[PDB]
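First, one chain by itself in structure tokens, the form deposited in one PDB entry.
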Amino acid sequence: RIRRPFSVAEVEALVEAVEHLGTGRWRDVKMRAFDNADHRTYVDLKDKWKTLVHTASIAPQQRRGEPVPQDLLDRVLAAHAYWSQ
């Protein structure tokens, strides 16, 4: 499949979704926040959560592409610490 960087709203929709469902229900996350975004499958969302956690763990100057608002990176690490077992 063709590349397709995640936009800020998509991240936003993902972050909101996970804060409510967690990290073990990507099919529900997909249904809740990307139900009509045919190019994003629950495996892609699982993957974007994996990169987002990393993105939030590195310095801003080493991130690539459109900048994810600090606000979201913040909720990624808080939702990651919460749903971690």
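One rule holds for the numbers: they count along the sequence shown, beginning at 1. In this text, rigid core is short for the largest set of C-alphas that superpose within 1.5 Å between two forms.
Peer 1: When the C-alpha temperature factors are averaged for each of 41-49 and 27-35, which stretch ends up with the higher value in the entry?
Peer 2: The entry gives the higher C-alpha B-factor average to 27-35.
Peer 1: Where does the C-alpha B-factor of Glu16 rank in its chain, lowest, middle or highest third?
Peer 2: Lowest third, going by the recorded CA B-factors of the chain.
Separately, the form deposited in another entry exists; it is not shown, and the next lines address it.
Peer 1: Using the rigid core as the reference frame, would you say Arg63 shifts its C-alpha by 2 Å or more between the shown form and the other one?
Peer 2: After core superposition, the C-alpha of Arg63 moves 2 Å or more between the shown form and the other one.
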